[PDB]
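Text of my_file-v9.cif, listed as mmCIF, N, CA and C atoms:
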```
data_target
#
loop_
_atom_site.label_atom_id
_atom_site.label_comp_id
_atom_site.auth_asym_id
_atom_site.auth_seq_id
_atom_site.Cartn_x
_atom_site.Cartn_y
_atom_site.Cartn_z
N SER D 22 -9.73 39.76 -11.05
CA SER D 22 -10.44 38.61 -10.44
C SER D 22 -9.63 37.33 -10.56
N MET D 23 -9.96 36.36 -9.71
CA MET D 23 -9.32 35.09 -9.82
C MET D 23 -9.74 34.43 -11.14
N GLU D 24 -10.99 34.59 -11.57
CA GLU D 24 -11.41 33.97 -12.85
C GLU D 24 -10.54 34.49 -14.07
N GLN D 25 -10.28 35.82 -14.12
CA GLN D 25 -9.49 36.42 -15.23
C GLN D 25 -8.12 35.81 -15.26
N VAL D 26 -7.52 35.63 -14.10
CA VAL D 26 -6.22 34.95 -14.00
C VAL D 26 -6.22 33.51 -14.54
N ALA D 27 -7.25 32.76 -14.15
CA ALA D 27 -7.40 31.33 -14.58
C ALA D 27 -7.54 31.27 -16.11
N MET D 28 -8.36 32.18 -16.65
CA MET D 28 -8.54 32.37 -18.09
C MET D 28 -7.20 32.68 -18.77
N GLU D 29 -6.46 33.63 -18.19
CA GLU D 29 -5.12 33.98 -18.66
C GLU D 29 -4.11 32.83 -18.58
N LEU D 30 -4.20 32.01 -17.53
CA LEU D 30 -3.33 30.84 -17.44
C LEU D 30 -3.62 29.81 -18.58
N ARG D 31 -4.91 29.59 -18.89
CA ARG D 31 -5.37 28.72 -20.01
C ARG D 31 -4.85 29.26 -21.37
N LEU D 32 -5.01 30.55 -21.59
CA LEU D 32 -4.47 31.21 -22.79
C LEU D 32 -2.95 31.00 -22.94
N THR D 33 -2.23 31.11 -21.83
CA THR D 33 -0.80 30.96 -21.80
C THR D 33 -0.44 29.55 -22.13
N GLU D 34 -1.23 28.61 -21.61
CA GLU D 34 -0.94 27.22 -21.89
C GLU D 34 -1.30 26.85 -23.36
N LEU D 35 -2.39 27.42 -23.88
CA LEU D 35 -2.75 27.25 -25.29
C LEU D 35 -1.60 27.79 -26.18
N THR D 36 -1.06 28.96 -25.78
CA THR D 36 0.09 29.56 -26.44
C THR D 36 1.28 28.65 -26.42
N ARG D 37 1.56 27.99 -25.28
CA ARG D 37 2.64 27.01 -25.23
C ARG D 37 2.44 25.90 -26.23
N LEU D 38 1.24 25.35 -26.28
CA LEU D 38 0.98 24.20 -27.16
C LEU D 38 1.07 24.65 -28.66
N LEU D 39 0.49 25.80 -28.98
CA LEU D 39 0.56 26.37 -30.35
C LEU D 39 1.98 26.69 -30.81
N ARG D 40 2.84 27.12 -29.89
CA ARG D 40 4.25 27.34 -30.22
C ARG D 40 4.91 26.05 -30.66
N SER D 41 4.67 24.96 -29.93
CA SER D 41 5.16 23.64 -30.32
C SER D 41 4.57 23.14 -31.70
N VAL D 42 3.26 23.30 -31.90
CA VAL D 42 2.62 23.04 -33.20
C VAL D 42 3.30 23.87 -34.33
N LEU D 43 3.54 25.15 -34.07
CA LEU D 43 4.10 26.04 -35.08
C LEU D 43 5.49 25.56 -35.46
N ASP D 44 6.27 25.16 -34.44
CA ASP D 44 7.62 24.70 -34.69
C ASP D 44 7.60 23.46 -35.55
N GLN D 45 6.70 22.53 -35.23
CA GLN D 45 6.56 21.29 -35.97
C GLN D 45 6.09 21.52 -37.42
N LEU D 46 5.19 22.48 -37.62
CA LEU D 46 4.72 22.79 -39.00
C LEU D 46 5.83 23.45 -39.80
N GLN D 47 6.54 24.37 -39.18
CA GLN D 47 7.61 25.02 -39.85
C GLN D 47 8.76 24.05 -40.22
N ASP D 48 8.98 22.98 -39.45
CA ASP D 48 9.96 21.96 -39.86
C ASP D 48 9.59 21.24 -41.14
N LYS D 49 8.32 21.25 -41.51
CA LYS D 49 7.87 20.66 -42.76
C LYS D 49 8.07 21.53 -43.97
N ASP D 50 8.74 22.66 -43.75
CA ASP D 50 9.10 23.64 -44.80
C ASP D 50 10.61 23.90 -44.71
N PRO D 51 11.43 22.87 -45.00
CA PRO D 51 12.88 23.07 -44.77
C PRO D 51 13.49 24.03 -45.76
N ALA D 52 12.83 24.22 -46.90
CA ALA D 52 13.28 25.26 -47.85
C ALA D 52 13.01 26.73 -47.41
N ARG D 53 12.20 26.91 -46.37
CA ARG D 53 11.85 28.23 -45.85
C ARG D 53 11.10 29.11 -46.87
N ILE D 54 10.29 28.44 -47.71
CA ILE D 54 9.45 29.08 -48.71
C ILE D 54 8.38 29.92 -48.01
N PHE D 55 7.95 29.48 -46.83
CA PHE D 55 6.83 30.14 -46.11
C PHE D 55 7.25 30.90 -44.82
N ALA D 56 8.56 31.02 -44.58
CA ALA D 56 9.12 31.68 -43.42
C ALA D 56 8.78 33.14 -43.27
N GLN D 57 8.71 33.89 -44.38
CA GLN D 57 8.56 35.34 -44.28
C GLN D 57 7.44 35.85 -45.22
N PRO D 58 6.93 37.06 -44.97
CA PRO D 58 5.98 37.57 -45.96
C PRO D 58 6.49 37.65 -47.37
N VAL D 59 5.63 37.40 -48.36
CA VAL D 59 5.96 37.68 -49.76
C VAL D 59 6.37 39.18 -49.87
N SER D 60 7.56 39.44 -50.41
CA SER D 60 8.09 40.82 -50.60
C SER D 60 7.30 41.65 -51.65
N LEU D 61 6.72 42.78 -51.24
CA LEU D 61 5.99 43.64 -52.16
C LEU D 61 6.98 44.44 -52.97
N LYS D 62 8.23 44.57 -52.50
CA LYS D 62 9.28 45.12 -53.41
C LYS D 62 9.53 44.17 -54.58
N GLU D 63 9.65 42.87 -54.31
CA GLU D 63 9.89 41.84 -55.36
C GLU D 63 8.66 41.26 -56.14
N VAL D 64 7.47 41.38 -55.53
CA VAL D 64 6.21 40.96 -56.17
C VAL D 64 5.22 42.11 -56.00
N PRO D 65 5.42 43.20 -56.79
CA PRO D 65 4.69 44.43 -56.50
C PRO D 65 3.17 44.33 -56.69
N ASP D 66 2.69 43.39 -57.51
CA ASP D 66 1.25 43.20 -57.76
C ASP D 66 0.58 42.22 -56.77
N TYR D 67 1.32 41.76 -55.76
CA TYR D 67 0.86 40.58 -54.98
C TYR D 67 -0.53 40.80 -54.36
N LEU D 68 -0.77 41.99 -53.84
CA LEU D 68 -2.03 42.29 -53.17
C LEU D 68 -3.23 42.46 -54.08
N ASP D 69 -3.00 42.62 -55.40
CA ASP D 69 -4.03 42.52 -56.42
C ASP D 69 -4.54 41.06 -56.50
N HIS D 70 -3.69 40.09 -56.15
CA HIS D 70 -4.01 38.65 -56.26
C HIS D 70 -4.53 38.10 -54.90
N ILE D 71 -3.78 38.39 -53.89
CA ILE D 71 -3.95 37.80 -52.54
C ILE D 71 -4.36 38.89 -51.57
N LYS D 72 -5.59 38.75 -51.07
CA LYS D 72 -6.12 39.78 -50.18
C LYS D 72 -5.72 39.68 -48.71
N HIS D 73 -5.40 38.47 -48.26
CA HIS D 73 -4.95 38.28 -46.90
C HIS D 73 -3.63 37.42 -46.90
N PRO D 74 -2.48 38.07 -47.10
CA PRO D 74 -1.21 37.38 -47.07
C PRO D 74 -0.91 36.81 -45.67
N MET D 75 -0.13 35.73 -45.65
CA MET D 75 0.21 35.10 -44.41
C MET D 75 1.54 34.38 -44.60
N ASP D 76 2.23 34.20 -43.50
CA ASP D 76 3.53 33.52 -43.47
C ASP D 76 3.86 33.13 -42.02
N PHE D 77 4.85 32.28 -41.82
CA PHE D 77 5.18 31.82 -40.47
C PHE D 77 5.68 32.92 -39.49
N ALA D 78 6.42 33.93 -39.96
CA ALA D 78 6.89 34.98 -39.05
C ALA D 78 5.72 35.80 -38.54
N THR D 79 4.81 36.12 -39.45
CA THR D 79 3.59 36.89 -39.08
C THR D 79 2.80 36.07 -38.02
N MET D 80 2.66 34.75 -38.21
CA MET D 80 1.92 33.92 -37.24
C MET D 80 2.63 33.92 -35.90
N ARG D 81 3.96 33.81 -35.95
CA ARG D 81 4.76 33.84 -34.77
C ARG D 81 4.61 35.16 -33.96
N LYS D 82 4.55 36.29 -34.63
CA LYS D 82 4.29 37.56 -33.90
C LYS D 82 2.91 37.53 -33.20
N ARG D 83 1.90 37.03 -33.90
CA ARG D 83 0.59 36.92 -33.31
C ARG D 83 0.59 35.96 -32.12
N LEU D 84 1.18 34.80 -32.32
CA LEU D 84 1.31 33.82 -31.25
C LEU D 84 1.90 34.44 -29.98
N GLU D 85 3.01 35.14 -30.11
CA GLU D 85 3.73 35.62 -28.94
C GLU D 85 3.05 36.81 -28.26
N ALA D 86 2.16 37.51 -28.96
CA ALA D 86 1.23 38.43 -28.34
C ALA D 86 -0.02 37.72 -27.76
N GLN D 87 0.03 36.38 -27.64
CA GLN D 87 -1.15 35.56 -27.25
C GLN D 87 -2.40 35.95 -28.03
N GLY D 88 -2.24 36.14 -29.35
CA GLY D 88 -3.33 36.59 -30.20
C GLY D 88 -4.20 35.49 -30.81
N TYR D 89 -3.85 34.22 -30.59
CA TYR D 89 -4.75 33.11 -30.99
C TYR D 89 -5.60 32.66 -29.75
N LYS D 90 -6.90 32.91 -29.81
CA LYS D 90 -7.82 32.50 -28.70
C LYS D 90 -8.11 31.00 -28.65
N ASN D 91 -7.96 30.32 -29.79
CA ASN D 91 -8.33 28.91 -29.94
C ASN D 91 -7.54 28.31 -31.13
N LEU D 92 -7.53 27.00 -31.26
CA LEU D 92 -6.87 26.34 -32.38
C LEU D 92 -7.44 26.71 -33.73
N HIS D 93 -8.75 26.90 -33.81
CA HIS D 93 -9.40 27.28 -35.07
C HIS D 93 -8.77 28.56 -35.69
N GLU D 94 -8.55 29.58 -34.90
CA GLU D 94 -7.91 30.83 -35.40
C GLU D 94 -6.49 30.58 -36.00
N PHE D 95 -5.72 29.74 -35.32
CA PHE D 95 -4.37 29.36 -35.71
C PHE D 95 -4.43 28.57 -36.99
N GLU D 96 -5.31 27.59 -37.06
CA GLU D 96 -5.47 26.86 -38.32
C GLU D 96 -5.90 27.71 -39.50
N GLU D 97 -6.75 28.72 -39.26
CA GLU D 97 -7.14 29.64 -40.33
C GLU D 97 -5.91 30.29 -40.99
N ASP D 98 -5.00 30.74 -40.13
CA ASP D 98 -3.77 31.40 -40.59
C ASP D 98 -2.87 30.37 -41.31
N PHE D 99 -2.72 29.15 -40.79
CA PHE D 99 -1.95 28.12 -41.51
C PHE D 99 -2.52 27.82 -42.90
N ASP D 100 -3.82 27.71 -42.96
CA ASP D 100 -4.50 27.45 -44.20
C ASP D 100 -4.32 28.60 -45.21
N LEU D 101 -4.26 29.86 -44.76
CA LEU D 101 -3.98 30.98 -45.64
C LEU D 101 -2.63 30.86 -46.29
N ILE D 102 -1.66 30.40 -45.53
CA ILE D 102 -0.29 30.26 -46.06
C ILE D 102 -0.35 29.34 -47.31
N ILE D 103 -1.04 28.20 -47.14
CA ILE D 103 -1.14 27.16 -48.17
C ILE D 103 -1.99 27.64 -49.31
N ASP D 104 -3.18 28.15 -48.95
CA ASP D 104 -4.16 28.44 -49.98
C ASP D 104 -3.72 29.62 -50.85
N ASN D 105 -3.05 30.61 -50.26
CA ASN D 105 -2.59 31.77 -51.01
C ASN D 105 -1.57 31.31 -52.06
N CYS D 106 -0.65 30.47 -51.61
CA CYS D 106 0.42 29.93 -52.49
C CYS D 106 -0.13 29.14 -53.69
N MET D 107 -1.10 28.28 -53.41
CA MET D 107 -1.74 27.47 -54.44
C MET D 107 -2.57 28.27 -55.45
N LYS D 108 -2.96 29.49 -55.09
CA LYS D 108 -3.62 30.32 -56.07
C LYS D 108 -2.61 31.14 -56.89
N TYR D 109 -1.66 31.77 -56.24
CA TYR D 109 -0.70 32.68 -56.91
C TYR D 109 0.22 31.91 -57.81
N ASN D 110 0.61 30.71 -57.37
CA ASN D 110 1.58 29.92 -58.15
C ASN D 110 0.92 28.81 -58.90
N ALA D 111 1.38 28.53 -60.11
CA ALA D 111 0.91 27.43 -60.89
C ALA D 111 1.32 26.08 -60.32
N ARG D 112 0.58 25.07 -60.73
CA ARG D 112 0.81 23.68 -60.32
C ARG D 112 2.22 23.12 -60.55
N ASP D 113 2.85 23.54 -61.64
CA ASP D 113 4.16 23.03 -61.99
C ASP D 113 5.35 23.76 -61.28
N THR D 114 5.12 24.45 -60.15
CA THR D 114 6.16 25.27 -59.59
C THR D 114 6.61 24.67 -58.30
N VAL D 115 7.85 24.98 -57.95
CA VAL D 115 8.37 24.53 -56.65
C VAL D 115 7.55 25.14 -55.50
N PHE D 116 7.05 26.35 -55.67
CA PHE D 116 6.20 26.95 -54.64
C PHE D 116 4.92 26.20 -54.36
N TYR D 117 4.17 25.93 -55.41
CA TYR D 117 2.88 25.20 -55.26
C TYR D 117 3.15 23.84 -54.67
N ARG D 118 4.17 23.16 -55.19
CA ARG D 118 4.48 21.82 -54.69
C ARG D 118 4.87 21.81 -53.23
N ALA D 119 5.60 22.83 -52.81
CA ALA D 119 5.94 22.96 -51.39
C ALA D 119 4.71 23.14 -50.50
N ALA D 120 3.72 23.90 -50.98
CA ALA D 120 2.48 24.07 -50.26
C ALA D 120 1.74 22.77 -50.13
N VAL D 121 1.73 21.95 -51.19
CA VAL D 121 0.99 20.70 -51.12
C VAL D 121 1.62 19.80 -50.04
N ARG D 122 2.95 19.73 -50.05
CA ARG D 122 3.68 18.90 -49.09
C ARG D 122 3.50 19.37 -47.65
N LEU D 123 3.57 20.68 -47.46
CA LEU D 123 3.30 21.30 -46.15
C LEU D 123 1.91 20.98 -45.63
N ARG D 124 0.91 21.11 -46.51
CA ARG D 124 -0.47 20.76 -46.18
C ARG D 124 -0.58 19.27 -45.76
N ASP D 125 -0.01 18.40 -46.56
CA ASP D 125 -0.15 16.98 -46.30
C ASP D 125 0.55 16.59 -45.01
N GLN D 126 1.78 17.06 -44.83
CA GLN D 126 2.53 16.78 -43.62
C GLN D 126 2.00 17.47 -42.37
N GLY D 127 1.46 18.67 -42.51
CA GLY D 127 0.93 19.41 -41.36
C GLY D 127 -0.37 18.80 -40.83
N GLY D 128 -1.13 18.18 -41.73
CA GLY D 128 -2.38 17.46 -41.42
C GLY D 128 -2.28 16.58 -40.20
N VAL D 129 -1.20 15.81 -40.14
CA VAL D 129 -0.90 14.85 -39.06
C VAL D 129 -0.72 15.56 -37.70
N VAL D 130 0.03 16.66 -37.72
CA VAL D 130 0.39 17.45 -36.56
C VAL D 130 -0.87 18.09 -36.02
N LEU D 131 -1.65 18.67 -36.92
CA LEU D 131 -2.91 19.35 -36.56
C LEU D 131 -4.01 18.40 -36.04
N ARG D 132 -4.05 17.20 -36.60
CA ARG D 132 -4.96 16.17 -36.12
C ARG D 132 -4.78 15.89 -34.63
N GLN D 133 -3.53 15.73 -34.18
CA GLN D 133 -3.24 15.44 -32.78
C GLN D 133 -3.32 16.70 -31.89
N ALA D 134 -2.95 17.86 -32.42
CA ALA D 134 -3.15 19.10 -31.70
C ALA D 134 -4.61 19.33 -31.29
N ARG D 135 -5.56 19.05 -32.17
CA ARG D 135 -6.98 19.17 -31.88
C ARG D 135 -7.41 18.22 -30.74
N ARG D 136 -6.94 16.99 -30.80
CA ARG D 136 -7.17 16.02 -29.73
C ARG D 136 -6.59 16.56 -28.39
N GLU D 137 -5.36 17.12 -28.40
CA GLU D 137 -4.72 17.69 -27.19
C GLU D 137 -5.40 18.94 -26.61
N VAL D 138 -5.87 19.81 -27.49
CA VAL D 138 -6.61 21.00 -27.08
C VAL D 138 -7.95 20.63 -26.41
N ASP D 139 -8.71 19.75 -27.05
CA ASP D 139 -9.95 19.15 -26.48
C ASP D 139 -9.68 18.39 -25.17
N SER D 140 -8.69 17.50 -25.21
CA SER D 140 -8.32 16.67 -24.06
C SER D 140 -7.95 17.53 -22.83
N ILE D 141 -6.86 18.30 -22.89
CA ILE D 141 -6.47 19.22 -21.78
C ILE D 141 -7.47 20.37 -21.53
N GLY D 142 -8.38 20.63 -22.47
CA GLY D 142 -9.37 21.71 -22.35
C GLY D 142 -8.73 23.05 -22.64
#
```

structure tokens encoding of this file:
Amino acid sequence: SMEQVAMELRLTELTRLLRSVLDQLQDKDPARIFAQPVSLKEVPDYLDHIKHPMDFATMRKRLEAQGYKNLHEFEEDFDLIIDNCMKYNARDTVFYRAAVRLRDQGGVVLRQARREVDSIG
């Protein structure tokens, strides 16, 4: 149908905007602490601690399959990256501190993304 196509065009455009958001959030992690999944070879107990692991590469695979229907779903995954890190790692660690900085800096990017998603529809 023509409606399914229009819906698909909106999804594609949401995907375009989320790709730009993702790039901007990932620039706030220049150490690449959150680039890849936590290694279960190197942290074998990780899933005893963290039930839903997340990282930027995993989000990127979902993004490119157009698997985010809305900004809320994308933000859920970003928040997992931060929140998982802040639980597994103690406050005095470079990991926890990187999560805090990513959260604070990403806040700005996400604030305007929400305005753009609402605005363009």

Original post:
When distances are computed from only C-alpha atoms, which of D:27, D:59, D:120, D:134 shows the smallest separation from residue 40 of chain D?
Top reply: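 Ranking D:27, D:59, D:120, D:134 by distance to residue 40 of chain D, first place goes to D:134.
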
Original post:
Skipping near chain neighbours, those fewer than 3 positions away, what residues fall within 8 Å of residue 99 of chain D using all atoms listed in the file, listed as a ChimeraX atom specification?
Top reply: /D:75-77,80,93-96,102-105

Please build the interface table for segment 26-92 of chain D against segment 125-131 of chain D with a cut-off of 8 Å, listing for each qualifying residue the nearest atom pair and the distance in Å to one decimal; count only N, CA and C atoms, order rows by chain and increasing number, and write it as a Markdown table.
```
| residue | atom | partner | partner_atom | distance |
| --- | --- | --- | --- | --- |
| D:42 | CA | D:130 | C | 6.7 |
| D:45 | C | D:127 | CA | 6.8 |
| D:46 | CA | D:127 | CA | 5.6 |
| D:47 | N | D:127 | CA | 7.8 |
| D:49 | CA | D:126 | CA | 6.7 |
```

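For the atom pair formed by atom C of residue 39 of chain D and atom N of residue 132 of chain D, the distance is 12.6 Å, given to one decimal.
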
Subject >> Minimum-distance residue to residue 118 of chain D, chosen among D:38, D:138, D:54, D:78 (using only C-alpha atoms) >> reply: D:54

Original post:
Out of segment 49-121 of chain D, which residues get helix (DSSP H, G or I) from DSSP, as a PyMOL selection string?
Top reply: chain D and resi 67-70+77-85+92-109+115-121
